[PDB]
Amino acid sequence: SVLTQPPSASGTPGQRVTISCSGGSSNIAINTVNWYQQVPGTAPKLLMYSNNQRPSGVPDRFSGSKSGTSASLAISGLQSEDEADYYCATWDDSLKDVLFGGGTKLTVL
Amino acid sequence: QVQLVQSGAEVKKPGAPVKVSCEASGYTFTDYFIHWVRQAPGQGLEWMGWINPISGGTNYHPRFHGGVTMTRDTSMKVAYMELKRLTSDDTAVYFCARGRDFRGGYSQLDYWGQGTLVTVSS
Amino acid sequence: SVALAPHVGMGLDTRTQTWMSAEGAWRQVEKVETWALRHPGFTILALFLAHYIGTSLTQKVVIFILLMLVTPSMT
Amino acid sequence: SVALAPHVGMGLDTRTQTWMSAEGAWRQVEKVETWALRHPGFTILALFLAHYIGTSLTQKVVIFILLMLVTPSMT
Amino acid sequence: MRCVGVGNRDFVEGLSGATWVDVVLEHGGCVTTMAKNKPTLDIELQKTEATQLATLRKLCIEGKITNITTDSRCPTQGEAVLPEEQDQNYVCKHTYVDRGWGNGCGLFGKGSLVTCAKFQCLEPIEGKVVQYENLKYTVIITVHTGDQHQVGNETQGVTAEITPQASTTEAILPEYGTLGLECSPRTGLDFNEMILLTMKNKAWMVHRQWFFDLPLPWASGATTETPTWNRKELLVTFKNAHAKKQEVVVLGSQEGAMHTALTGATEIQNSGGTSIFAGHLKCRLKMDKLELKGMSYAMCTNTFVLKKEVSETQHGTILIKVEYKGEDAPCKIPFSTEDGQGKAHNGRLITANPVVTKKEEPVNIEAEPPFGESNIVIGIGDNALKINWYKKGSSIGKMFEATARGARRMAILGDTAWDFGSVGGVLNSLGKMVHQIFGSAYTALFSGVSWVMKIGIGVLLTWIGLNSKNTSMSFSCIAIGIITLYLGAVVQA
Amino acid sequence: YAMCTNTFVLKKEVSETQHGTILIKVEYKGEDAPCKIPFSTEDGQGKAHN
Ligand SMILES: *[C@@H]1O[C@H](CO)[C@@H](O[C@@H]2O[C@H](CO)[C@@H](O[C@@H]3O[C@H](CO)[C@@H](O)[C@H](O)[C@@H]3O)[C@H](O)[C@H]2NC(C)=O)[C@H](O)[C@H]1NC(C)=O
Ligand SMILES: *[C@@H]1O[C@H](CO)[C@@H](O[C@@H]2O[C@H](CO)[C@@H](O[C@@H]3O[C@H](CO)[C@@H](O)[C@H](O)[C@@H]3O)[C@H](O)[C@H]2NC(C)=O)[C@H](O)[C@H]1NC(C)=O
Ligand SMILES: *[C@@H]1O[C@H](CO)[C@@H](O[C@@H]2O[C@H](CO)[C@@H](O)[C@H](O)[C@H]2NC(C)=O)[C@H](O)[C@H]1NC(C)=O
């Protein structure tokens, strides 16, 4: 299989918006998902270095987990500086390669 | 600190091999991975292949076996990737990232460099 | 380690083939064969033991075949 | 390897310790013993086979020990 | 119809008193059943899903020794302890080292030393047990309606799922009546001593007794994020160099080790819950309510054309795809078989009474012609059709193939194999009891003994019977030996 | 009491007791009056009472 996540829009007032990542029975349903956000034009940083563990990203407002075949991320208190493209990447074990997603154009008003 | 210089961006012509150097110092380079993820303009970034500096071979993405090659040296702690064939398709900036050897950490790309950029034209 | 003692004969019979029937059908005999080709020395000892313990023909041949099977496997 | 033919008994030994001696000393033996305690059914057949083959207690004992040892190690 | 030329499907004919026929539904294969007057039908088992699993004894097939510590004590001063000894994550042993004035101890001799290390786990391989409460089988029954898109089609049919609680089930058919199933899942495959083992994206079924004796670290399987692993010493290995110091290694990962180990296990593809394939199940067919569906219909007289050429299967079965001409009545196509220059009807029509429900869509008529020359007639008119076909097989060859198939079925299904075509009778029950006693004796006596040992023991037993004067013992042991050869040759499949 | 005339259903599975005995727990959904539970044992390919 292959993962596909949708691009979506949001607003600068704080609200829970869910970046859902959908996969299959061999790539993400058994393995740890990894969440990336990139400021456009430069090197993406890592947002979640485990399934639900953040190394140094904006704390207490970026938290998410995965359920079965789906992984999701939740952001709270999203302001304008959070304008970024969000990536979910999971390790595929059947094809012995990591499976990066197409990308979300998360625009915040 | 630990970082990757990734040398400087260079652009060439089709039908010739180009090289992208990628040095990461500041830590024991042997244990950790190098991933070489490509990123196209206005497109999502896809990962291609690991290189274990100590004993590792190329494990490219299925799209890219026989399209790229990866080498490394342990003394200078640098990983080399070169493009054996430049078509019109590969017009993007190629990255480096440190990866863990954990099964849950194959996608663990904690640190990234600047990003060496290469485009092809006449 | 765990690589030893497969449950080849575990007896949970099924119609479809197993995980690795093709290799596992012959891997043990392959090990014995490659061990024998590597080391010819044990053949003389096995022949000597069988000849000087085997009272009859059948006893001698059984002793020889068992000795030639056990040692490569016990290696 | 397939971990079925350990690099043992090559003769090129030295005072220094091997890669793994404390465990490889008893690995194969423990496999045989856990097999035997798990499945006693083969013991009856081995006893019969050793007993009805031409019987001098030397022959019976060696046949029984070999036959009970070979099947576990080489399944 | 669904079962045409697939997995050596057979046809079990005949019905007992009150019309129950016993059938064991081997998975990966299927059966068809003709009747005295009732329409034939084929049953195939598939997708024996098992849901709502429970996890116990998750093992660990990799290590990562992160923190290492050591301590020494002078000779004749007791064993040197280490503060990092009583934690629930450290594994170590005591070894002896020689100490001198060059090492800081005044007394010469052998001294104690320890080297303890924390043991992170990586890549756990969880073990899952299945309970009979949530188990579900699924058998698809297809009637021989002779549809255009019915041959070899895995989609057509009606699902009649069965559970170990509700054993009985009545499959509803489209205007054919009800079929009564009395299958018993508590026999056949036994999941009480079978444990599903899932690692990475692959799964397996291993006998429970064998799933605790394979040497690896194991844990409670409570997924509490801090598993305190029992028997950590087995994976980590200490090496002591020539006297002197002591160091610790990790011994890599056991991935391919486990993949090699599970040689005799089957495969169970788990995507949602688990979908255990390679199953086995015994069934009973209460066939009272099977309408022939063609009692009122009449034998039409219009001509018939065929779409594709006559074709046969592996068995004695030919598949004919005929089409009906310009008469609007949905009729009952008659059928007959003829010989070369004479007129003799012997070819059995394997399917039910074929009926052309609609003018446009063809019907797939399949039947069993006799050996040798065969002529086929597809109507009452002089110019209906003539299908001449030559069958290759011979009667003795057919009997030999049937005996081979029966022996193969007996090898896998064992004591319950008598139930496959069993029609209620004393002789089948007597053979069932006798073979059950003998099979219990045989499996108990040969348990875990592999195929090469089976064939060796068999040939040795045959020889010991070939050189004996005790006649009764000779024949008993030679029979056991021949059976042993056959089981050794057939096993692994 | 009278004998029941409606259906039964298993709330929980059956299980042995290392003595050759079963514990079948049955719920009676039929709204009718308290009735004696009918029982019979069907042997293999036989109607005999064992
Ligand atoms: C092995 O399998 C992989 C896929 O699993 C094959 O990768 C395929 O590679 C071709 C060319 O390298 C890709 O075509 C490209 O598609 C993009 C889509 O936007 C298009 O824009 C390009 O112009 C180009 O046509 C193809 O998509 C890709 N398949 C994928 C990614 O699923 C690979 O070629 C195989 N190797 C063999 C057969 O030796
Ligand atoms: C196995 O059985 C399925 C189930 O019927 C078969 O699928 C069927 O396929 C045919 C054509 O391939 C469909 O015919 C339909 O005809 C109408 C009118 O001409 C047209 O409008 C439709 O677009 C379609 O072509 C039929 O509906 C379809 N049955 C369904 C969907 O239930 C299948 O062909 C059989 N064989 C195999 C090998 O699967
Ligand atoms: C056991 O090993 C761990 C491995 O990291 C050590 O933890 C480090 O301790 C040093 C000393 O203070 C710190 O500077 C590091 O930041 C620690 N690393 C981590 C990841 O915590 C330490 O030697 C031991 N840890 C114990 C005993 O808890």
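Neighbour counts run over all protein chains shown; Cβ positions are idealised from the backbone, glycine included. Every number in this text was worked out from the coordinates using simple rules, so none of it is lab data.
Tabulated data
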read-out	value
Long-range HN-HN contacts of E:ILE141 with modeled amide H, under 5 Å	E:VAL158, E:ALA160
Within chain E, longest stretch free of exposed GluC sites (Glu not before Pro) [DSSP loop, at most 10 other beta carbons within 10 Å]	E:1-174
D:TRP19 paired with E:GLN52, simple spin-label distance in nm, labels 7 Å along Cα-to-beta-carbon	4.8 nm
Calculated on alpha-carbon atoms, Rg and Dmax of region E:336-391 in Å	12.1, 35
Selected from C:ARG15, C:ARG27, C:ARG38 as most flexible by GNM, with chain C as the system and alpha-carbon contacts under 10 Å	C:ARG15
Whole-Hz couplings from phi, Karplus 6.51/-1.76/1.60, listed for region A:5-16; x for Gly and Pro	10, x, x, 8, 10, 8, x, 5, x, x, 7, 7
Long-range amide H partners of A:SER25 with built H, under 5 Å	none
For region E:1-149, convex hull of alpha carbons as volume per residue, Å³	258 Å³
Calculated label separations, C:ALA22, copies of the chain, 7 Å along the beta-carbon direction, nm	4.2
Folded to 0 to 90 degrees: helix C:27-38 orientation relative to chain C principal axis, Cα	40 degrees
Set E:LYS289/E:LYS343; E:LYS47/F:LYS12; E:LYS398/E:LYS454; A:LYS66/E:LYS128; E:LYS36/E:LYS286; C:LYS31/C:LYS60 screened for pairs whose C-alpha atoms are more than 26 Å apart	E:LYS289/E:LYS343; E:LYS398/E:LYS454
Neighbourhood net charge (13 Å Cβ-Cβ; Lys/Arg +1, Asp/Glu -1) for A:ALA29	0
Using alpha-carbon coordinates, inclination of helix E:451-466 to the longest axis of chain E, degrees	70 degrees
Whole-Å semi-axes of the ellipsoid equivalent to chain A (Cα gyration tensor, √5λ, descending)	23, 14, 13
Radius of gyration, Dmax [region E:165-312; alpha carbons; angstrom]	28.4, 103
Partner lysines for E:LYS244 [C-alpha distance under 18 Å; skip if fewer than 8 residues away on the same chain]	E:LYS93, E:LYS110
In range of the label at B:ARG63: residues from region B:86-101 whose backbone nitrogen is under 18 Å from the point 7 Å along Cα→Cβ	B:86-97
Largest-first principal axis extents of the Cα set of chain F (Å)	34, 25, 18
Rg/Rh (Cα only; Kirkwood hydrodynamic radius) as it applies to region E:323-433	1.13
Candidate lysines - alpha carbon under 20 Å from B:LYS77, same-chain residues fewer than 8 apart omitted	B:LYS19
Zero-based 5 Å bins, Cα pair distances in chain B, whole percents	2, 11, 22, 26, 21, 11, 5, 1, 0
Label-point separation, D:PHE48 to F:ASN6 (7 Å along Cα→Cβ), nm	5.9 nm
44 Å tail of the calculated P(r), the protein assembly as shown, as % of Cα pairs	53 percent
Stokes-Einstein D (µm²/s) once Rh is taken as the Kirkwood radius of region E:282-382 over alpha-carbon pairs, at 25 °C in 0.890 mPa s	163 µm²/s
11 Å beta-carbon shell around E:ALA241, net charge (K/R +1, D/E -1)	+3
F:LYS36-E:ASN230 FRET efficiency (beta carbon distance; Förster radius 41 Å; 0.05 resolution)	0.20
Rounded to 10°, Cα long-axis angle of helix E:395-413 versus longest principal axis of chain E	30 degrees
Evaluated at q = 0.13, 0.17, 0.24 Å⁻¹: base-10 log I(q)/I(0), Debye formula over Cα of chain D	-0.55, -0.79, -1.08
Equivalent ellipsoid semi-axes, chain E, via Cα gyration tensor eigenvalues times 5, rooted, Å	65, 28, 20
